Amino acid sequence: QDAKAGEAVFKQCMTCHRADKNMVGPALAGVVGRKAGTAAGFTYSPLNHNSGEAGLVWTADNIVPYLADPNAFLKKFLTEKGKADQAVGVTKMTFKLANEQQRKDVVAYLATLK
Ligand code: HEC
């Protein structure tokens with residue numbers, strides 16, 4: 001949860017993500033508190049879109065486990081909601097971050113991206 005230390009982790013996210021514009025991935029400014037699959041102008045996968053449609057809002061707490069394994073997180077979310085059939089595909093985000101402290105720091109960084 002050290003946002004300054006999260007800057008260095010955020011350099012990897014900048015391959016695909018900017019704060020205000022879409023690129024390979026959606027724009028991330030305001031992502032903490034945003035309904036999944038809704039950055040204006042971004043075309044999301046069905047797995048991410050259906051997760052937000054089922055109510056998923058990204059928070060400082062749930063982005064941490066998400067970053068360890070995006071597919072697993074989103075599948076488990078829709079399964080828990082009784083919507084396992086909507087989680088058969090995969091996300092466009094092919095990156096994963098294993099280290100828990102790095103995930104917590106980068107999420108503290110994201111929370112400052114207003
Ligand atoms: C390119 C290889 C990426 C890397 C590096 C990072 N992300 Fe990503 N992210 C990528 C895509 C293509 C998408 C769209 C996913 C889909 O299935 O449509 C995403 C999505 C996210 C999200 C969800 C955003 C939303 O629902 O609006 C988050 C919270 C996210 N990505 C965070 C994130 C972080 C913090 C990264 C660095 C640690 C990171 N991503 C790397 C592509 C890529």
Side-chain angles (χ1 to χ4, degrees), residues 2-114:
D2 173 3
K4 177 84 182 68
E7 289 179 5
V9 179
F10 194 69
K11 289 168 174 155
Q12 289 183 61
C13 319
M14 286 195 315
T15 302
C16 304
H17 288 290
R18 322 159 68 172
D20 301 307
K21 300 210 195 195
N22 293 329
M23 193 225 87
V24 164
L28 292 182
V31 67
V32 173
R34 190 163 82 199
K35 180 174 147 175
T38 59
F42 186 77
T43 295
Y44 285 85
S45 63
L47 177 63
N48 171 303
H49 170 86
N50 297 334
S51 297
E53 220 208 308
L56 177 65
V57 170
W58 288 119
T59 71
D61 301 312
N62 61 25
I63 299 165
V64 174
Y66 163 76
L67 290 182
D69 188 336
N71 286 300
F73 172 84
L74 296 167
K75 289 175 183 282
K76 186 184 149 201
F77 175 83
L78 286 161
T79 293
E80 290 169 346
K81 296 305 183 157
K83 292 164 181 180
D85 65 303
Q86 306 175 36
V88 300
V90 293
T91 172
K92 290 175 188 322
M93 185 163 148
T94 38
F95 172 89
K96 287 186 186 195
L97 186 53
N99 183 269
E100 183 179 17
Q101 180 70 235
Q102 288 178 17
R103 289 192 266 124
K104 286 185 173 163
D105 295 340
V106 81
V107 178
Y109 181 88
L110 289 181
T112 68
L113 270 193
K114 262 88 204 173

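Starting from 1, each residue takes its place in the sequence as its number. Counting starts at 1 for both ligands and their atoms, following the listed order.
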Other cluster members, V88 - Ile/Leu/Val/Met/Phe/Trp/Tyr, side-chain contacts below 4.5 Å: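 Direct or chained contacts put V88 with none.
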Nearest 0.5 Å, please: how far is CZ in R18 from CG in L113?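 Answer for the CG-CZ pair, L113 versus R18, is 13.0 Å.
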Quick one: does ligand 1 sit under 4.0 Å from the side chain of [X], the backbone, both or neither, non-hydrogen atoms only?
{"X": "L47", "value": "neither"}
{"X": "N48", "value": "side chain"}
{"X": "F10", "value": "neither"}
{"X": "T94", "value": "side chain"}

Polar proximity ligand 1 side, [X] side, N/O cut 3.5 Å exclusive:
{"X": "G37", "result": "yes"}
{"X": "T38", "result": "no"}
{"X": "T43", "result": "no"}

What atoms of ligand 1 come within less than 4.0 Å of a heavy atom belonging to [X]?
{"X": "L110", "answer": "35 (C)"}
{"X": "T91", "answer": "15 (C), 16 (C), 17 (O)"}
{"X": "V24", "answer": "12 (C)"}
{"X": "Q12", "answer": "5 (C)"}

Would you call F42 a ligand 1 contact, heavy-atom distance under 4.0 Å?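 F42: in contact with ligand 1 (<4.0 Å).
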Mark the output for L67 as yes if a heavy-atom distance to ligand 1 is under 4.0 Å, and as no if none is.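 A heavy atom of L67 does come that close to ligand 1.
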Testing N50, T91, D69 one by one against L74 for a side chain to side chain contact (heavy atoms under 4.5 Å, CB included), which residue passes? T91
Distance below 2.8 Å from atom 8 (Fe) of ligand 1: protein N/O/S atoms: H17 NE2, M93 SD
Can you pull out every ring-ring contact (aromatic ring centres under 6.0 Å, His included) where at least one residue sits in residues 72-93? Sequence neighbours excluded, please. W58-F73, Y66-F73
Pairs where residues 3-36 contributes a residue and the test ring-ring contact (aromatic ring centres under 6.0 Å, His included) is met, not counting sequence neighbours: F10-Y109
